[PDB]
Structure formats: C-alpha cells, structure tokens
Amino acid sequence: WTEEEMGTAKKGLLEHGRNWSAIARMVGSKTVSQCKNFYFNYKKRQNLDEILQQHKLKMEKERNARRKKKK
C-alpha cells in the first residue's frame, strides 16, 4: 500500500471508523474481507489505535459541550 492509499485508508478508518464494509468499499472498492485481512498484515495498534481513539474523543467532547441547551 502506497502512502497515498494509506492516507485514504487513514481517512477511511478515521471518518467511517472500523466499519470494514465502508472501508473496503472506499479503499478496496469490492469486498469486506479485503480491509479485514489488511488489518492482520498492517496489524499496528499504535498509530491507527490512536487515530480511532482521537476520532472518538474529539467529536464526542464538543458534541456534549454543544448540547449545553439544558437548564
């Protein structure tokens, strides 16, 4: 995987999350098993683990902070 499509897989796994169907349709454009098996070859829960954790907390914190519409 060239860093361009790795950046599209970074974008995919950030935006759509770990939904292998959405990712394998985005970067793979065919079969869910592509991104699933990809995850065992490029099995590195350091960089990508942090990408998903940051995706979680960034959206979640401001989503709660914007629902201050409550007395």
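Note on numbering: residues are counted from 1 along each chain in the order of its written sequence, which can differ from the entry, and residues with no coordinates are hidden. To obtain the side-chain values, all non-hydrogen atoms of the structure were used and water was disregarded.

- For this deposition, the record names solution NMR as the technique by which the model was determined.

Thoughts on helix α1 (residues 3-15)
Then, in step 1: Across its 13 residues, α1 extends 18 Å between first and last C-alpha, which sits within 8% of the 18 Å expected from 1.5 Å per residue.
Then, in step 2: Categorising residues by exposure relies on relative accessible area from a 1.4 Å probe, with only protein chains included: less than 20% of the type maximum marks a residue as buried, more than 50% marks it as exposed, and the intermediate range marks it as partly exposed. The way it works is that DSSP assigns letters per residue, a run of H or I at least four long becomes a helix, a run of E at least two long becomes a strand, and they are numbered from the N terminus. Those residues of α1 that fall on the buried side of the exposure criterion are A9, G12 and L13. One side of α1 carries all its buried residues, which in axial view fall inside an arc of 90 degrees. Every exposed residue of α1 that faces more than 90 degrees away from the buried side is listed here: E3, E4 and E15.
Then, in step 3: Residue contacts follow a heavy-atom distance rule, with two residues in contact if any of their heavy atoms lie within 4.5 Å. If you follow the buried residues of α1, they end up packed against α2 (20-28), α3 (32-41) and α4 (47-65).
Then, in step 4: Following α1 by one or two positions, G17 has its phi on the positive side, about 80 degrees. Expected span of a helix, by definition, is 1.5 Å for each gap between consecutive residues, and there is one gap fewer than residues. Picture the helix axis, draw a direction to every C-beta atom, and the arc is the one those directions span.

Looking at the packing of aromatic side chains
Then, in step 1: When two rings of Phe, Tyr or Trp (its six-membered ring) have centres within 6.5 Å they constitute a pair, described as stacked for plane angles under 30 degrees, edge-to-face for angles over 60, and tilted for the intermediate range. A full pass over the atoms with the stated rule returns four aromatic pairs.
Then, in step 2: Between the aromatic rings of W1 and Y42, the centroid separation amounts to 6.4 Å while the plane-to-plane angle is 65 degrees, which identifies the pairing as edge-to-face. On the criterion of sequence distance, the pair formed by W1 in the segment before α1 and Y42 in the loop between α3 and α4 is long-range, its members being 41 residues apart.
Then, in step 3: The exposure class of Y42 is partly exposed, given its relative accessible area of 39%.

Focus on the packing of α1 against α2
Then, in step 1: In the contact formed by α1 and α2, the axes pass within 10 Å of each other and the chain directions differ by 150 degrees. Comparing their axes, α2 and α1 come out roughly antiparallel. Viewed along their axes, α1 and α2 form a crossing whose handedness is right-handed. Mapping the contact onto sequence places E5, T8, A9, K11, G12 and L13 in α1 and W20, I23, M26 and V27 in α2.
Then, in step 2: Grouping the amino acids of the contact of α1 with α2 by side-chain chemistry returns six nonpolar, two polar and two charged. Fitting a line to C-alpha atoms yields each axis, with helices limited to the stretch in contact; the angle taken between N-to-C directions then spans 0 to 180 degrees. Each angle is binned into one of four classes, with values under 35 degrees roughly parallel, values over 145 roughly antiparallel, values of 65 to 115 roughly perpendicular, and all other values oblique. Crossings are assigned a handedness: left-handed for a near helix turned anticlockwise from the far helix by less than a right angle, right-handed for a clockwise turn. Polar here means any residue other than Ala, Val, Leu, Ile, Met, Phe, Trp, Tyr, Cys and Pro, which are nonpolar, and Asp, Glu, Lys and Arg, which are charged; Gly is therefore polar.

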